[PDB]
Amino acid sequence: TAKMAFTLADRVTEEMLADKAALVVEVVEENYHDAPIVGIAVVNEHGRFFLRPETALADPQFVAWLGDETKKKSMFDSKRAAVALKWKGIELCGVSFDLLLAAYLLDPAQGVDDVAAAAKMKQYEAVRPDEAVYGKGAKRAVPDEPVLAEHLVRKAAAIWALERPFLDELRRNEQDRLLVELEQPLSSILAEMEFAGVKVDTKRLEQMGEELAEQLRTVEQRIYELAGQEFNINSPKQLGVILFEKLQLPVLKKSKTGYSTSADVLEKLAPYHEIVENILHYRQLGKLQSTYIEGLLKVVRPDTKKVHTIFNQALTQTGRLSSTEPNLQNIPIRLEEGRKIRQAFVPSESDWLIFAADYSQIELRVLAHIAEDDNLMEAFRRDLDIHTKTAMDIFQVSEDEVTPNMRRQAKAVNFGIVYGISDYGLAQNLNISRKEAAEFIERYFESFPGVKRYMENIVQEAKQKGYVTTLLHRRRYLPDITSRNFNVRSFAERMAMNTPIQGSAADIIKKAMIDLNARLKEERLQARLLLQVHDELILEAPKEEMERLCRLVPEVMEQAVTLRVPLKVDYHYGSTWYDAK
């Protein structure tokens, strides 16, 4: 392939500082926090340019251009560059188009994760995949300057050529505003959150780990006694031999590889031998120790004593965020021993507090809205306990006739409706038969005929159109909706049902984040957004701001969109994330 033409500049010139350009600020490290920038490419009306970062980032004019909002840039994964630049004390402004976010909105199923993959969607192939240039795994490395510069320039040239086709298709999809007014402003907001980080009380985590280590050694030794020998408890294969061969415990569930030792299998095995509950206890403690004490500690920055997560804004099929290093969206809450981990997440400044606000049943409320189910809407308009009310309806009983087991099962039905699990999935969850599960679902549709109507209609719409959409026009293609394989087709149907629910909830929280950031600034508060956990926002703020935030945050969240039923937000604050409960 002949090299694409470009100037390998030694110095920044005026013609590199046009008010419209494709810009590449290359951070090759997967985790971009305080990570090197290996090179820079600019493409504009005047030409193609490669700049060495030590030159560019020391040039007052270039830096000024980077921070000038009126100088428009087109990029791929602008958040990566923005954050890497934040660590160097440089502001990136004026990013008017992000090809990563554009490709993501166009079809999240494509898994677009480099410029090449995005370009391929429009039959543009004059750019290499990053993996071919940098290698992968242990072989991963930055190549020599000629190879590096050409690659960065080809990526920039691709972005420059692809902006128009991508924007055009977004417009046809009615997704132009979704990109420009939602995902892109959110991206700046996430960059600030990641950069700010969350303070961690490492000392408390460490002493927790010490306590766990003691309890782990105790249970582990007890396990060896009950087995009559030592083995690797964390090896499902070895444990399977102890349980199902040495101890002759029944085999209720198997895997592709051998015996299942899932927690739900073990729970059923407990009455047979004393070893089982000890194994369950071991795995609980071991999960906390390895994943949440040791894992968290590994990624706390020693300089700051903070964790700086990375939100992947371009991954999920539903439009949710995910987060990594650490993942702050699965910190334990359910069981008290796990929940205590949240005590280690503290405010980053003295006399500040953690403030958390969460939507109450936002997914079921969205469902009531999109389905226009009279019963479901009435229930939310009365702010009823939705699980108790669902139990009342399914079992045809009065509120005081609802037993705890009845409510538990109604709750599992709702969870099934919300996440679109199979009737086989409901059966598994409630430990009942499919016939019984199917009866539950059938009773539900009798009490909520509008939801049944919605399930039917959306599946048909997915068939006819080839995709489903959310409130704010996020899209998900479902080509498997026509499949002749039952399991493949059924999963697609469930995704047709679930996506406008989970996706629209994602849309709403994302808008609330944008609305909140603007309100905080207007109100001149020092409060800052730290985390989003699917349906909740977590902030830290001076204690003197708590009373104002108690009024402000739920109002912004509740008013983010207007639905046929109210949105409800609960809130708490305290000296640690644990206490904000």
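Each residue number is its position in the shown sequence, starting from 1. Under this definition, the rigid core comprises the largest set of C-alpha atoms superposing within 1.5 Å between the forms.
Between 414 to 422 and 341 to 349, report the one with more C-alpha displacement in 4 other deposited structures of this protein relative to this form after a rigid core superposition.
-> The answer is 414 to 422, which departs more from the shown form in 4 other deposited structures of this protein.
Name the stretch that deviates more in 4 other deposited structures of this protein: 424 to 432, or 353 to 361? Use RMS CA distance to the shown form, core superposed.
-> Between the two stretches, 424 to 432 moves farther in 4 other deposited structures of this protein.
On average, which has the higher Cα B-factor in the deposited entry, 260 to 268 or 362 to 370?
-> The recorded data point to 260 to 268.
On mean C-alpha B-factor from the PDB entry, just flag whether 126 to 134 or 288 to 296 is the higher one.
-> On average, C-alpha B-factors are higher across 288 to 296.
Looking at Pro185, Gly425, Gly111, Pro404, which has the biggest Cα B factor in the entry?
-> Top of the list by C-alpha B-factor: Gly425.
Can you pull the Cα B-factors for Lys452, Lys435, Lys71, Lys88 from the entry and say which is highest?
-> Most elevated C-alpha B-factor of the set, per the entry: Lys435.
Using the B-factor values recorded in the entry, state whether the Cα atom of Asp10 falls in the lowest, middle or highest third among the modelled residues of its chain.
-> Ranked within chain, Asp10 CA B lands in the highest tercile.
Would you mind checking where the Cα B-factor of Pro326 ranks among the modelled residues of its chain, as the lowest, middle or highest third?
-> For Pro326, the deposited C-alpha B-factor lands in the middle third.
Mind checking which third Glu26 falls in for C-alpha B-factor across the chain?
-> It belongs to the lowest third of the chain when residues are ordered by C-alpha B-factor.
Considering only modelled residues of the same chain, in which third does the CA B-factor of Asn457 rank: lowest, middle or highest?
-> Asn457: CA B-factor falls in the middle third of its chain.
Considering only modelled residues of the same chain, in which third does the CA B-factor of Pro53 rank: lowest, middle or highest?
-> Answer is middle: the recorded C-alpha B-factor places it there.
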